[PDB]
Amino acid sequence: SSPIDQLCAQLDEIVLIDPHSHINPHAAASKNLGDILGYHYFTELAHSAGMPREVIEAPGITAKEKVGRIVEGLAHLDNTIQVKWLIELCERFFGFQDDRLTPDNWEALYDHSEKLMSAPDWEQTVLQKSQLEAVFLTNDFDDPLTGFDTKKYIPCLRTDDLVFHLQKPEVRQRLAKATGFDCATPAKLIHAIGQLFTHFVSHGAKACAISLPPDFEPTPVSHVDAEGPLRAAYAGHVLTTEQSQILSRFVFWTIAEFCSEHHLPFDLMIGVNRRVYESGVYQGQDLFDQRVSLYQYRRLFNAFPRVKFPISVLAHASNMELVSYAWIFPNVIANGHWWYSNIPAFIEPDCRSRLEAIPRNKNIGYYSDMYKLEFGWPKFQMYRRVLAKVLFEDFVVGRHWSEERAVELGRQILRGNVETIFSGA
């Protein structure tokens, strides 16, 4: 047993609070392999490897049939870290023994795993074996937040629709439904947003979250400048690019003000472009333009010193800016490893630089971003092996820290910081 494996074993014992997921609290764990293999990580990759979208997303085939088809394309993917998560979770959760998933062994695994997951206490078994105490949700702004344990599945207000999509009649309607306000004037939109916050806070929300395009640049926007764009949206007109920009800035800034008023952190996921690949599988269409800078957010950071902004960056090149900005701005926090940057090749240097330059209390190591509970463990395990390596190399060896001291840093990054950064409203 190598020193790194031992340090990792210590990290493995740490019970976690996942500060960011897309779990459906009403259907948190999977019911069959289709919930796992049918998830976009794999369908986008099967597709990317040459499987027609039509084959994967064929109308009116069973979940099991769909899994069969995807498996046929797994041979092109057996090198990916994504497929490694899959084999490791299957072995952990289902007792899967083979080193790879093939057209010859998939069905027996499907049938078997399905039985295991029909057990009444399946969700609890996953949480238990994944060292998860609690998971942050990403709730739609109109989510009733009822029907589940808000202390285990912790609400977070997703604001993307309000900030970027008031242009859409369906978005306005949902807002009207949720708040009862006619939000065609700034004062009323502000009232509406205020009601969403009170609603989220009263159900134990611990954060707001948003995904932002690389071009976004927040500024203050007065009510007068907001009123034309907002009136156009509600009158049903198509907003010009400038109107749309002004309105999104108005909404975004208003949300940051409510975060300050309610002492909520505002998670910013920066750098994503939606629907770059127009013919991709469901949830496999978003990419990014790397040409972004946190400098674009200087007005926000300066204007809201009492709002913590846990920031994830999509582009790997952006990490070093994030380090410098978390290093200087007391309200800027480095938050996990997001999406396309969420692989060992990029995690290691990112995790490494953050631990050595950012204060230890401004560093959230990791979140799962999972849609089903079973994906939590393999991704957190991947992160723990990387973290164990950095801790051992740079702290145990580099600084002569005891394993204990190094593991204590590990615990703060995985868990301690989540507790103090997201203390509750």
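One rule holds for the numbers: they count along the sequence shown, beginning at 1.
Comparing 68-76 with 303-311, the higher mean C-alpha B-factor in the PDB entry belongs to 68-76. Remark: stretch with higher mean C-alpha B factor among 358-366 and 34-42 is 34-42. Annotation for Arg352, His165, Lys115, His337: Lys115 ranks highest, by Cα B-factor. As recorded in the entry, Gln283 carries the highest CA temperature factor of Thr254, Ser324, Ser211, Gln283.
For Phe136, the recorded CA temperature factor ranks within the middle third of the chain's modelled residues. In this PDB entry, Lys152 carries a Cα temperature factor that places it within the highest third of its chain's modelled residues.
Ranked within its chain, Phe200 lands in the lowest third, by CA B factor from the PDB record. The deposited CA B-factor of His191 belongs to the lowest third of values across its chain. Ranked by Cα temperature factor within the chain, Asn273 sits in the lowest third according to the deposited record.
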